[PDB]
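Every heavy atom of this structure was used, including side-chain atoms; hydrogens, water molecules and symmetry mates were not. Chain letters run A, B, ... following the sequence lines, proteins first and then strands; every chain starts at 1.
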Amino acid sequence: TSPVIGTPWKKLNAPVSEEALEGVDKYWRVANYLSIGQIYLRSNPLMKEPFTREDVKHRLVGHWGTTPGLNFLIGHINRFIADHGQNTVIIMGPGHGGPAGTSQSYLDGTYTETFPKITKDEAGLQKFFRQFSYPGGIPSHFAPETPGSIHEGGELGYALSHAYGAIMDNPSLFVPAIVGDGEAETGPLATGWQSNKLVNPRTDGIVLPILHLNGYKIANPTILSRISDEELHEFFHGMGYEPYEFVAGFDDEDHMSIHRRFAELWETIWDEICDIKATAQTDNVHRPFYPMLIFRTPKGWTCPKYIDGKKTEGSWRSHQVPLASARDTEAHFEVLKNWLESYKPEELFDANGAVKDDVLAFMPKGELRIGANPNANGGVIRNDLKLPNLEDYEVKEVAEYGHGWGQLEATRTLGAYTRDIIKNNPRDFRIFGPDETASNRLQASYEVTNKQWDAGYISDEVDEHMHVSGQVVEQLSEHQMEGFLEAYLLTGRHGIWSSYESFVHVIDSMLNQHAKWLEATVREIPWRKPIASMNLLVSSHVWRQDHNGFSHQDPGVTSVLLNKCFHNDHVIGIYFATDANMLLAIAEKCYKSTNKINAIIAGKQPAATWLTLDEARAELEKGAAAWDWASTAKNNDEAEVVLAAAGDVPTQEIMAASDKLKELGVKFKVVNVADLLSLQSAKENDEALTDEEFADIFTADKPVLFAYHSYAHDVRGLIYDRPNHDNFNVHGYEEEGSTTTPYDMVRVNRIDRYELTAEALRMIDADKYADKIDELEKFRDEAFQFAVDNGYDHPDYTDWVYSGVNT
Amino acid sequence: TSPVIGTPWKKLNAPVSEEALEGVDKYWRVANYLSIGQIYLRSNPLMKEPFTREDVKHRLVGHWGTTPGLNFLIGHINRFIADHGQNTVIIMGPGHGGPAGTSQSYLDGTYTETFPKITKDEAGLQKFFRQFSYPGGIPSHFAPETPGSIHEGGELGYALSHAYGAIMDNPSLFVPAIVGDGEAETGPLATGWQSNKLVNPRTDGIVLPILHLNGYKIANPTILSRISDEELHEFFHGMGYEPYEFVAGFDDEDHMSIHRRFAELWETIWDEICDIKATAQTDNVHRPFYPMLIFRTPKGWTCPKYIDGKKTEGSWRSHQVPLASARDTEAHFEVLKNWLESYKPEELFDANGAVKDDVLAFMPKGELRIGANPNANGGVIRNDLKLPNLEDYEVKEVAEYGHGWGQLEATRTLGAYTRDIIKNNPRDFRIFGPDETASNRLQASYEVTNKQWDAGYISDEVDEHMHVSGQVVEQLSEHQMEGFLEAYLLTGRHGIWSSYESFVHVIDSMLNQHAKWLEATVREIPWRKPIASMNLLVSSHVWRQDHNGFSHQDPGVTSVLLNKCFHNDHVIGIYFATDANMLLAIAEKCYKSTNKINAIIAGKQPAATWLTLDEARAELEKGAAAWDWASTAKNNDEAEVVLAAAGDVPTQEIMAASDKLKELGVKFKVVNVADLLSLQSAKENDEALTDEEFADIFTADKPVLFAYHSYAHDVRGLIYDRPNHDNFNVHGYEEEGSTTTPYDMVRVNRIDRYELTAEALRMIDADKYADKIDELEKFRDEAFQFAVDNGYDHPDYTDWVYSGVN
Ligand SMILES: Cc1ncc(C[n+]2csc(CCOP(=O)(O)OP(=O)(O)O)c2C)c(N)n1
Ligand SMILES: Cc1ncc(C[n+]2csc(CCOP(=O)(O)OP(=O)(O)O)c2C)c(N)n1
Ligand SMILES: [Ca+2]
Ligand SMILES: [Ca+2]
């Protein structure tokens with residue numbers, strides 16, 4: 001549960017002191033100096049003579065354009081924090097402005113506190129400049145390596161979804177969220193503005209959007225800087241914001257005036273925020289118009305206005321570096337020298353190379369500092385969830401009537417379970433879902449909380465299970481749902497979201513970035529404590545999108561997640577819920593886990609339950625398992641074939657194939673896979689099955705029929721170095737399907753029980769069985785023709801029950 | 001170029017007649033009946049007695065909620081088209097309203113012209129209802145098997161990108177883009193609204209966005225319907241639209257009153273659009289406010305208000321079926337029967353079960369029909385590109401100075417080639433880039449066209465190569481760029497977009513949906529003529545994201561595109577451009593290709609040119625090739641190791657490693673792979689190398705060191721049944737990287753020349769060569785330490801040049 005830090009939502013009531021503003025100007029000037037330094041200088045940080053091109057980096061890596069803008073804002077936010085004692089986390093949309101984030105951390109004292117090698121003296125200042133975007137050094141973005149960051153801003157557009165996740169169930173948290181005007185052109189950013197109808201000003205914190213309207217992205221102007229100011233204002237008002245606009249640096253107005261104007265404006269907005277928060281103590285059912293700030297300043301603010309006759313300040317040319325080289329010529333190095341001198345470092349640094357005390361006297365102390373605030377390292381806040389007994393959700397009926405029982409909808413059991421997680425962990429757990437929580441069958445959670453909704457109510461006949469405050473949130477944007485949950489985890493809370501499988505792909509790129517964040521964190525950032533896993537229920541999956549058709553039939557998220565399964569990072573979970581009981585086992589493991597993206601593939605369709613809780617726990621701990629009770633073979637030598645399934649439906653088709661093989665008197669072994677990564681080469685993954693364990697399950701010499709939920713390519717590439725790999729005959733989804741019957745879905749993809757049975761015969765003795773094979777292919781066409789003619793499936797397919805079930 | 005159809009941008013100058021609105025009401029009623037029919041009925045389409053339980057489908061598949069609103073709008077649009085002669089393509093954002101699109105096709109006559117068994121009689125009606133979302137019948141969405149569809153709407157969000165793409169260079173085309181109020185909550189849709197700053201009312205057509213504000217998505221209200229009307233209007237006005245709102249169906253207003261108000265509003269919005277189009281002939285540097293329409297009607301409109309005491313009209317409950325079963329009880333059956341009778345079908349059908357002439361008399365005829373419009377079968381519009389002679393762009397310096405010459409930036413040649421395609425094919429070719437065209441080094445295009453920009457200008461010192469019309473469009477949104485080009489293609493034109501490799505992932509799901517579109521088309525839609533291919537330049541790739549770091553290091557698009565490579569559909573291309581010359585040869589194949597998505601992985605960094613064109617073309621046609629001139633072994637028995645590379649940089653490190661193995665006297669074959677699918681099993685893919693050709697290139701029995709651009713998993717999974725697949729040692733990107741140097745990038749992923757040379761020697765004799773392996777491992781840390789001390793790479797890495805250079 002988020003901590004109450006500082007003295008939240010306090011008005012100042014006095015003007016901002018001239019003293020504190022002189023601080024901010026110094027912060028600004030020194031942060032700009034540190035920022036140019038990190039880009040340009042390998043040595044001689046303070047320009048002690050002789051200062052020459054030998055001091056300048058060979059390759060210029062880093063972004064200036066965004067950075068002076070960031071430095072001004074952060075300077076002013078640091079003043080704000082100190083004077084008000086406000087719990088504040090910043091979201092740096094333009095994450096390519098990493099020099100501003102490292103500067104902030106250097107100057108607030110979290111950098112030295114975290115990297116003691118980087119000292120508050122000339123020598124520390126020198127390693128500090130060299131390390132930036134430099135071999136064996138630090139990233140060029142506001143990376144997880146930087147104290148203060150929960151958002152890299154590498155991949156643009158998640159600034160607002162991250163900002164609004166952070167404040168959820170975080171009533172003391174202020175989040176000034178800085179958004180690139182280029183970033184604002186992305187789809188994820190454009191929908192993120194609407195988050196203000198999904199948060200409550202009493203129970204959640206406050207996000208102040210700051211649009212960094214610097215006029216440009218890389219090689220273009222931005223749309224929002226070149227529409228009318230009037231359009232820009234209606235735009236933000238229409239999305240439920242009170243827009244304030246600040247314009248500085250397009251004229252000769254001196255720095256002190258700029259700082260005085262800004263500080264008055266900032267305090268006027270803050271006053272408005274303190275009134276929103278004070279009102280919300282009495283009235284949290286009326287949605288307020290939340291302030292947002294349009295920060296219009298020239299890109300590259302304070303760089304040379306022109307370089308080699310090209311406009312540089314207030315241009316896209318300042319995007320990366322305004323001065324392409326400071327080595328090629330003396331005239332160029334001279335521009336660097338002048339530029340660095342214009343911040344007057346002689347005033348900012350004492351002879352020992354430390355920043356003077358009067359630069360940083362206005363700065364916050366302790367856990368209020370941007371870099372030290374525990375919300376920016378949410379691991380330190382994160383508690384274990386109080387979990388209910390998994391026993392109470394177990395489908396007991398498998399133990400009663402045998403493996404293969406029933407027509408249960410597995411995701412309902414995950415719903416009962418998550419419901420009680422929310423009940424027992426209020427303010428600490430959230431379900432997100434893109435208008436799919438009921439569709440994926442997770443609505444049992446509506447018994448103990450509601451869908452959070454802070455737009456209009458109209459009627460009890462339609463507005464069911466909705467309140468201004470609640471642990472479930474739903475918007476039709478996978479981006480928003482991935483986004484909110486990511487930031488809710490980064491600030492030390494927990495959750496699950498669900499998606500139709502096909503549409504997980506919408507946020508493939510966001511899985512990549514959070515995976516990279518997690519990969520970087522577990523390799524080389526041990527100060528950044530572990531966060532709860534991004535748990536993702538993948539359901540309404542390909543084999544039962546027979547009702548929605550081809551658009552909804554893509555299980556390929558499996559393939560994407562496999563490209564983040566390296567270096568024994570163990571940040572990817574890929575689980576196949578065989579049934580309700582396997583789903584509970586996976587669920588508990590995932591909800592206990594940390595530093596992972598967990599993807600749980602589970603059906604919502606009525607389906608058999610195969611395992612007891614115990615059998616599922618067992619299969620899950622190793623990842624795969626022989627099903628002895630299902631196997632006509634007694635050991636691997638007797639076995640003529642290995643029937644292996646991954647996914648609840650493949651399991652179903654394999655078990656049914658197994659009953660037809662059973663009647664022809666074939667000896668076969670049945671294998672279930674629940675953990676895809678258990679099959680990964682034991683060379684690449686220390687948690688996979690050993691080649692010995694693998695060979696014991698898949699036999700080493702017998703052919704294996706593998707029925708796989710997703711695309712067969714996934715397995716053929718996982719097991720390339722595995723014992724017996726060349727005897728694996730892998731069936732998976734094959735881009736066949738439409739709106740049809742469950743049976744046609746498996747049939748047309750050659751993973752139906754009939755084809756599986758036939759395939760198993762072909763692989764034992766083709767000629768010996770030529771006629772039972774030919775009988776099976778004929779029936780395959782007859783059952784299809786039965787569906788075409790009757791509009792439901794042949795009763796052979798429909799009415800089948802595993803032989804192992806008794807009345 | 002898009003053809004001019006009908007009489008575009010024409011005002012009525014008259015009231016909509018009573019006759020037409022009577023027809024629109026009959027259209028609306030019959031579309032509703034045909035829609036419910038398609039959902040509910042296996043037989044007895046006209047409820048001839050006995051009409052029972054048994055005439056109802058066992059399983060209800062389809063969506064009612066959106067359908068009556070869609071039927072209403074499409075009814076009014078059909079009237080409009082006929083009255084105006086207006087070249088009109090609709091975008092059905094709520095594509096789950098399929099029955100609206102099927103009904104429309106069946107009613108405009110294109111259904112029976114395209115599918116002769118589905119007749120305009122009771123037998124046809126019976127087939128038409130049964131086939132909907134039924135095994136061996138047709139899809140539940142507005143799929144490509146539906147005449148008049150260029151947009152399925154299964155994956156919501158792309159309504160507006162497709163709308164705006166359709167109209168680029170399409171000045172006669174009007175696109176009513178119907179948007180879900182739920183769909184409007186998606187990221188892609190939210191930014192799609194801003195496209196009106198990137199289109200020009202003279203050189204492009206007009207999109208009319210229609211917010212289908214029926215108040216609900218599946219199980220929730222929509223944000224846009226439960227905020228104040230003032231906010232809703234401010235929002236659209238802020239985004240450069242003049243918002244008009246229509247409210248109907250919440251009260252007892254008679255249907256004719258509703259049609260009269262709507263038709264009046266509609267012609268008012270159409271008048272403004274005609275004014276914008278007339279103004280734009282004279283002035284087109286001043287962006288107008290484009291009308292958009294807020295359509296506020298209750299979800300499931302005209303279904304029973306309450307069923308079993310639950311509100312169904314004007315509720316999320318109407319989303320799928322307002323009536324969950326019509327077979328379970330007599331009373332539910334009566335609700336279906338009553339509902340169907342509420343449209344009074346006996347006034348709509350003749351004794352033969354044909355829709356009465358008086359119902360369809362207002363409809364468009366011929367190519368104006370939504371179903372017949374060539375823009376919805378763009379392949380009937382597509383011409384072959386007038387391509388310049390590929391010879392004129394070849395790096396000739398490989399003939400003169402030899403194989404491995406130069407520090408050329410390969411994308412720059414594609415830029416020149418593509419420039420001249422635009423000069424030769426004006427209004428038929430477009431570049432899209434998310435603010436990355438210059439960065440990907442395609443700026444040569446600016447010599448003949450401009451970035452299209454219809455927001456504001458301030459200064460010649462910043463606004464270079466921008467004009468209100470131009471064939472290059474940037475917006476920082478992959479969705480927008482992908483979406484725009486998808487529709488430019490679907491409406492019968494050509495182009496390419498570029499993206500940083502890592503960020504192609506943003507639009508993974510749009511590749512999926514476009515792939516699936518082309519999969520269904522080549523399999524069973526022979527009447528949908530072939531479209532130009534979706535050409536994607538994948539550059540600023542993982543091996544040269546040394547300057548941005550980990551975030552920008554993901555070449556995993558290859559992984560995604562492999563999951564659409566089946567049934568010999570041949571709709572995916574994955575090409576690695578070895579160099580400028582291989583790039584020119586891939587470009588040419590891709591630009592001539594139809595019905596494809598082509599990923600072209602090309603380096604923008606300065607690199608060696610390896611092949612001449614003639615050789616490049618020979619490698620491509622096969623997909624892979626023995627490099628005879630680079631091999632020290634002169635047959636497959638002689639060779640102790642095969643060195644294979646796919647990708648400009650894995651190639652580089654393989655060629656450099658071949659020099660180190662030459663000096664050791666080692667006998668090796670050098671193999672380059674340009675078509676990733678050439679390697680795919682011969683059983684799955686009939687255009688792959690035969691097992692024979694495969695074993696002949698990679699040898700039957702020798703160790704192969706494969707240096708791969710992307711995730712090794714790709715190549716491993718492709719070759720599982722190939723000759724000698726077990727001897728493949730595949731190296732690729734491994735999620736190692738940072739902000740560092742070119743050499744550190746290959747080093748940390750174990751694909752630098754040094755490691756490859758060591759890995760070659762490990763595969764021959766770990767024993768014989770232990771001494772040389774250890775030397776090469778030590779030189780890796782020594783060349784990393786060099787980079788750390790100095791801030792640039794060791795000259796053995798930096799300055800290296802292939803032995804074969806003069
Ligand atoms: C999703 C995505 N697409 C493309 C890029 C490439 N990119 C990185 S920075 C940038 C421009 C950023 O412009 P803006 O947000 O206006 O930033 P600022 O002016 O503050 O530097 C672009 C196109 C990206 N980082 N992420
Ligand atoms: C990208 C995407 N995410 C989720 C879904 C699942 N989905 C199908 S229809 C729908 C709701 C549709 O709401 P709206 O756009 O309001 O359509 P209408 O009410 O007109 O049916 C949802 C969430 C989808 N089809 N596509
Ligand atoms: Ca910007
Ligand atoms: Ca809707």
Side-chain angles (χ1 to χ4, degrees), chain A residues 155 157-158 186-188 190-191 434-436 476-483 497-514 536 538 540-542 545 548-561 563 599 710-711 733 735, chain B residues 93 95-96 141 151-162 180 182-183 185-192 434 477-487 497 499 502-520 534 536 538 554 556-564 571-572 597 599:
Chain A
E155 200 179 283
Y158 313 132
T186 70
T191 192
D435 190 36
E436 289 175 14
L476 184 28
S477 164
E478 290 83 3
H479 289 107
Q480 287 278 85
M481 301 296 95
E482 181 62 35
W497 80 283
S498 75
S499 179
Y500 302 160
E501 166 181 73
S502 35
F503 302 140
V504 176
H505 281 287
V506 173
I507 50 74
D508 283 341
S509 79
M510 293 187 75
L511 296 177
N512 295 342
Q513 295 309 317
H514 195 59
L536 167 56
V538 179
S540 318
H541 53 52
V542 58
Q545 286 291 334
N548 279 302
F550 207 42
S551 59
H552 287 58
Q553 286 167 18
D554 199 317
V557 67
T558 51
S559 317
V560 168
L561 285 178
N563 295 345
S710 183
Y711 298 94
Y733 179 76
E735 286 288 308
Chain B
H96 57 292
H141 288 77
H151 180 102
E152 171 156 16
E155 204 180 282
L156 292 167
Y158 320 122
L160 283 178
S161 64
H162 287 158
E183 169 170 42
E185 301 190 2
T186 71
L189 195 293
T191 198
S477 170
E478 294 73 14
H479 293 108
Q480 282 285 88
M481 300 296 99
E482 183 61 28
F484 289 163
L485 181 62
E486 274 167 18
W497 72 291
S499 154
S502 52
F503 300 144
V504 173
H505 278 288
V506 164
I507 56 83
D508 279 351
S509 75
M510 303 188 61
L511 296 171
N512 286 0
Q513 294 300 335
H514 191 62
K516 275 178 177 295
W517 178 278
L518 291 167
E519 287 184 338
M534 212 304 287
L536 169 47
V538 176
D554 205 302
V557 76
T558 58
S559 307
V560 169
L561 292 178
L562 280 183
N563 295 342
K564 291 303 163 296
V571 299
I572 300 307
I597 293 162

Check whether any side-chain heavy atom of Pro434(A) lies under 4.5 Å from a side-chain heavy atom of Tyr500(A), and answer yes or no.
no
Would you name the heavy atoms of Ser161(B) and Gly483(B) that are closest together and state the gap between them?
OG-CA, 3.4 Å
Report the distance from atom CD1 of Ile507(A) to atom OG of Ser499(A), rounding to the nearest 0.5 Å.
6.5 Å
Heavy-atom nearest pair, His141(B) first then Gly153(B), reads CD2-O, 3.9 Å
Does some side-chain heavy atom of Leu485(B) sit less than 4.5 Å from a side-chain heavy atom of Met534(B)?
yes
I need the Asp435(A) CG to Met481(A) CE distance, nearest 0.5 Å.
10.0 Å
Determine, step by step, whether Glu436(A) and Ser498(A) satisfy the side-chain hydrogen bond (donor to acceptor under 3.5 Å, both in side chains) criterion, reporting the C-alpha distance in whole Å, the side-chain angles of both residues, the deciding distance to 0.1 Å, and the verdict.
CA-CA 7 Å; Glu436(A) 289 175 14; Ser498(A) 75; 5.2 Å; no
For the CG atom of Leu189(B) and the OH atom of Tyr158(B), what is their distance to the nearest 0.5 Å?
10.0 Å
Are the side chain of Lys516(B) and the backbone N or O of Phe550(A) linked by a donor-acceptor pair below 3.5 Å?
yes
About how many Å separate NE2 of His505(A) and CG of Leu511(B), when rounded to the nearest 0.5 Å?
10.5 Å
Could you verify whether a donor N or O on one side chain and an acceptor N or O on the other, from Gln480(A) and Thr191(A), lie under 3.5 Å apart?
no
If the condition is side-chain hydrogen bond (donor to acceptor under 3.5 Å, both in side chains), which residues does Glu185(B) pass it with, not counting sequence neighbours?
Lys217(B)
Evaluate the side-chain proximity of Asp554(A) to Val542(A): yes if any heavy-atom separation is below 4.5 Å, no if none is.
no
Determine, using ring centers only, whether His479(A) and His479(B) are less than 6.0 Å apart.
yes
Does the side chain of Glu152(B) pick up a donor-acceptor pair with the side chain of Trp517(B) at under 3.5 Å?
no
side-chain contact (heavy atoms from CB on, under 4.5 Å) between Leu536(B) and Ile597(B), worked out
CA-CA 8 Å; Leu536(B) 169 47; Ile597(B) 293 162; 5.6 Å; no
Do you know the tightest heavy-atom contact between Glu486(B) and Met510(B)?
OE2-O, 3.4 Å
For the NZ atom of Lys564(B) and the CD atom of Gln513(B), what is their distance to the nearest 0.5 Å?
8.5 Å
Is there a donor-acceptor pair closer than 3.5 Å between any side-chain N or O of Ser502(A) and the backbone N or O of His552(A)?
yes
Can you see which heavy atom on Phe503(A) is nearest to which on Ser551(A), and at what distance?
CE2-O, 4.1 Å
Do any N or O atoms from the side chain of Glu478(A) and from the backbone of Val506(A) form a donor-acceptor pair under 3.5 angstrom?
no
Where is the tightest heavy-atom contact between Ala599(A) and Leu561(A), given as atom of each residue plus distance?
CB-CD1, 3.4 Å
Residues forming a side-chain hydrogen bond (donor to acceptor under 3.5 Å, both in side chains) with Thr558(A), sequence neighbours excluded
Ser710(A), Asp714(A)
Judged by atom type as modelled, is there a donor-acceptor pair below 3.5 Å linking the side chain of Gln553(A) to the main-chain atoms of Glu735(A)?
no
Please examine the side chains of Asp508(B) and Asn512(B), heavy atoms only from C-beta on, and report whether any two atoms are closer than 4.5 Å.
no
Nearest heavy atoms of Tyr711(A) and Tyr733(A), plus distance in Å
CD2-O, 3.4 Å
